[PDB]
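Below are the chains, spelled out letter by letter.
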Amino acid sequence: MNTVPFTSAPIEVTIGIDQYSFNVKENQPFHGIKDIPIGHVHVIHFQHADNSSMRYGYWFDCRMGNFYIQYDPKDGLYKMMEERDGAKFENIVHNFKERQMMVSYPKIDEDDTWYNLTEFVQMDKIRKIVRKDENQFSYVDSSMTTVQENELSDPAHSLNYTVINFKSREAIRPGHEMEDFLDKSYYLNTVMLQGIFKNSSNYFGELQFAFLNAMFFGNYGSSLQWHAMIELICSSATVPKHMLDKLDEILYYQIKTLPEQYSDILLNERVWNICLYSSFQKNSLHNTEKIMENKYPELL
Amino acid sequence: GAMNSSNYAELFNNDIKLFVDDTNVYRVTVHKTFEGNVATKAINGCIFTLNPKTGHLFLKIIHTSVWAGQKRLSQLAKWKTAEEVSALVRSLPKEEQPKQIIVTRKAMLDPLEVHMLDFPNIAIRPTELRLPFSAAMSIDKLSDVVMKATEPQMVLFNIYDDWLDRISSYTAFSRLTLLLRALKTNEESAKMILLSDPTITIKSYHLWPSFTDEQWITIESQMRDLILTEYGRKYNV
Ligand SMILES: N[C@H]1COc2ccccc21
């Protein structure tokens with residue numbers, strides 16, 4: 001189990017660590033989060049009490065370095081940093097633990113939620129979507145735009161998700177216009193899976209990462225990307241059976257985890273009705289259709 | 001975006017544009033089978049592709065063989081239309097290619113957009129106008145060439161005859177849409193109006209009779225009356 005210590009908490013903030021959230025009061029004696037499960041990426045995120053504008057946060061993997069949070073009063077945010085001096089870091093963490101100044105990642109033993117939301121997410125792929133190569137961790141926030149959003153403005157602060165566009169030459173083979181538009185299997189299997197992602201695991205990792213950035217930061221371009229990657233599979237008549245089964249599991253846990261009160265803004269009525277009730281795969285997403293119908297029957 | 005009454009003069013500016021109407025591409029007669037089921041038999045159709053400024057009509061005849069062995073024909077017909085429009089654009093010299101293509105039915109937008117991805121500068125637009133281009137097959141010489149085709153064929157017409165020698169393209173289009181609206185609302189009566197007087201003929205190289213300016217005013221008045229009469233017969237007014 002690993003630890004992200006905090007220098008201090010000078011401003012009142014709601015802190016979240018994956019799907020859990022807790023409040024810290026201004027200048028409360030708070031020095032971080034312990035017992036973080038090794039083996040998964042994690043995200044530590046922030047919403048200031050005095051300005052809920054800009055949820056922001058850091059994706060990290062404790063196996064890649066010792067990371068801590070320190071507030072910057074100039075830039076006005078909680079910043080993640082890496083400590084290269086390992087003995088210094090270990091000694092800092094041990095003192096804060098002895099003084100019981102840290103909250104505990106509250107994972108229930110039965111609970112596979114985080115694994116199931118991040119099964120295919122890998123830090124190395126996050127760091128290619130979020131380009132900032134001098135750090136081992138990646139910053140995301142509410143307002144960051146995607147490479148596709150920019151095409152339709154600062155490129156260094158972009159989310160470089162894979163561009164999916166159903167009415168593009170990439171998606172449509174000359175002479176198979178109707179075929180390829182109505183059945184996206186070529187675009188899914190040859191262009192995207194074989195061509196760009198190399199395998200379904202990388203495709204699912206980006207899909208899962210897009211959802212999590214949509215849910216935790218309200219990042220609109222991530223929500224667009226998540227829905228586009230679902231629709232591309234559902235709109236393909238030919239999809240490997242193992243991908244359909246896995247997609248059903250992935251979506252099920254995303255829908256299960258979504259705050260009920262955010263469904264209106266994080267779920268696209270058109271995409272979901274198409275995917276569940278009209279598309280080629282309308283019968284292949286049993287778990288997801290069942291939770292969607294019992295939890296958000298209004299959207300449908 | 002969409003084309004409507006607010007930007008109607010745009011049709012007659014000097015930016016090349018084409019209307020595309022697909023309502024006569026897939027045509028069928030519905031009939032009873034010996035077993036008492038219902039079946040369709042396709043007949044020849046046509047794409048109606050019109051330059052509203054010049055009157056140049058590119059009539060692509062859709063021969064029934066293009067449907068042979070195909071499924072979901074009403075869907076296919078939209079994609080076949082888009083295929084043929086795209087082929088026509090590619091066949092034209094660059095300086096004759098349209099800057100905009102306006103489809104009369106919104107279901108043509110995605111098929112045409114997809115087939116024209118190679119032409120990102122050509123705007124594909126819907127329209128809020130209800131245009132009577134479906135009545136194209138009530139023009140005898142157009143109907144004749146379509147029904148006689150034994151193979152796919154493109155036939156070129158000027159749908160304004162020589163009217164642009166005397167009137168503007170705004171007025172020519174208004175005349176055309178009034179004639180076609182009349183033919184659509186009551187074909188028999190409209191054709192009676194157009195040919196009642198045997199002394200006015202259709203030139204071999206024309207589609208409509210050789211009316212003088214004053215006679216066109218009379219004809220135009222009779223077509224309005226017909227549309228109003230039918231409106232009254234329809235709604236009991
Ligand atoms: N509000 C509860 C729920 O999750 C956490 C995580 C850390 C401290 C406290 C809590």
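Residues numbered from 1 in each chain as written, not as in the entry; some residues may be left out. Chains lettered and ligands numbered in written order. Heavy atoms only, no water. Residues with missing side-chain atoms left out of burial classes, pairs and counts.

The PDB entry lists chain B under the name Pre-mRNA-splicing factor 8, with Saccharomyces cerevisiae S288C as the source organism.

If you check the PDB entry, chain A appears there as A1 cistron-splicing factor AAR2 from Saccharomyces cerevisiae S288C. The heading Function in the UniProt record of chain A holds the text "Component of the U5 snRNP complex that is required for spliceosome assembly and for pre-mRNA splicing. Involved in splicing pre-mRNA of the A1 cistron and other genes that are important for cell growth." Chain A has a UniProt comment under Subunit that states "Heterodimer (Probable). Interacts with PRP8 (via RNase H homology domain and MPN domain), competing with BRR2 for the same binding site. Component of a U5 snRNP complex that contains at least the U5 snRNA, PRP8, SNU114, AAR2, SMB1, SMD1, SMD2, SMD3, SME1, SMX2 and SMX3, but is not a component of the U4/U6-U5 tri-snRNP complex." (UniProt positions renumbered as here; feature names shortened; annotations may be inferred.)

Student: Which parts of the structure should I look at to understand the overall build of chain B?
Tutor: Helix and strand counts for chain B stand at 6 helices and 8 strands. Going from the N terminus to the C terminus, chain B shows its helices and strands as β-β-β-β-β-α-β-α-β-α-β-α-α-α. With the C-alpha coordinates aligned to their principal axes, the bounding extent of chain B is approximately 55 × 50 × 40 Å. Scored against the burial criterion, the 237 residues of chain B give a buried share of 49%. Restricting the contact set of chain B to residue pairs at least 6 apart, pairs at least 24 apart contribute 68%. Of note, chain B has its 28 positive side-chain charges centred 5 Å away from the centre of its 27 negative side-chain charges. (Helix = DSSP H or I, 4+ residues; strand = E, 2+ residues; numbered from the N terminus. Buried < 20%, exposed > 50% of the residue type's maximum accessible area, 1.4 Å probe, protein only. Contact = heavy atoms within 4.5 Å. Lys, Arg positive; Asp, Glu negative; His and termini not counted. Charge placed at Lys NZ, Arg CZ, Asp CG, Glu CD.)

Student: Hey, could you run me through the interface of chain B and chain A in this one?
Tutor: Think of interface size as the accessible area that goes away when the parts come together; that is how it is often given. Taken together, the 9 residues of chain B in the interface contact 8 residues of chain A. Of the roughly 890 Å² buried where chain B meets chain A, counting both sides, 69% is carbon and sulfur surface. Contact with chain A buries surface across chain B, with B:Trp79, B:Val114 and B:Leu117 losing the most and accounting together for 54% of the total. Applying the counting rule to chain B against chain A returns 3 salt bridges. Salt-bridge contacts for B:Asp118 lead to A:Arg169; the nearest nitrogen and oxygen are separated by 2.8 Å. Along the contact surface separating chain B from chain A lie 3 residue pairs in polar contact. When contributions to the side of chain B that touches chain A are tallied by element, the ones reaching two or more residues are helix 1 (73-91) and helix 2 (109-115) of chain B. Looking at side-chain class alone, the side of chain B that touches chain A contains 4 nonpolar, 2 polar and 3 charged residues. (Buried area = accessible area lost by both parts, 1.4 Å probe. Salt bridge = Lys/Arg side-chain N within 4 Å of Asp/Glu carboxyl O. Polar contact = N/O pair within 3.5 Å; in protein donor to acceptor, adjacent residues only side chain to side chain. Nonpolar A, V, L, I, M, F, W, Y, C, P; charged D, E, K, R; others polar.)

Student: Can you walk me through the sheet that holds strand 2 (residues 13-17) of chain A in this structure?
Tutor: Consider a sheet: its strands pair through backbone hydrogen bonds, and that pairing is either parallel or antiparallel. All names here are of chain A. If you trace the 5 strands from one edge of the open sheet to the other, you get 3-2-5-6-10, paired in antiparallel fashion. In this open sheet, the two strands that pair with only one neighbour each are strand 3 (20-24) and strand 10 (138-141). Shown here is a sheet whose adjacent strand axes are inclined to one another by a mean of 20 degrees, direction ignored. Packing of helix 7 (residues 200-217) onto the sheet brings it into contact with strand 5 (42-48), strand 6 (56-60) and strand 10, and relative to strand 6 it is tilted by some 150 degrees. (Pairing = 2+ DSSP bridges. Axes fitted to C-alpha atoms, helices over the stretch in contact; angles between N-to-C directions.)

Student: When you look at the packing of aromatic side chains in this model, what are you seeing that I'm missing?
Tutor: Each aromatic ring pair is characterised by the separation of its centres together with the angle its planes make. Residues and elements named next belong to chain A. Tallied over the entire structure, the rule returns 41 aromatic pairs over all chains. Their ring planes at 50 degrees and their centres at 4.8 Å tell us that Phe-211 and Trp-226 sit as a pair that is tilted. One end of the pair, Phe-211, is in helix 7; the other, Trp-226, is in helix 8 (residues 220-234), with 15 residues separating them in the sequence. The pair formed by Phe-211 and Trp-226 is uniform in burial state, with each residue classed as buried. (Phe/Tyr/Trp six-rings, centres within 6.5 Å; stacked < 30°, edge-to-face > 60°.)

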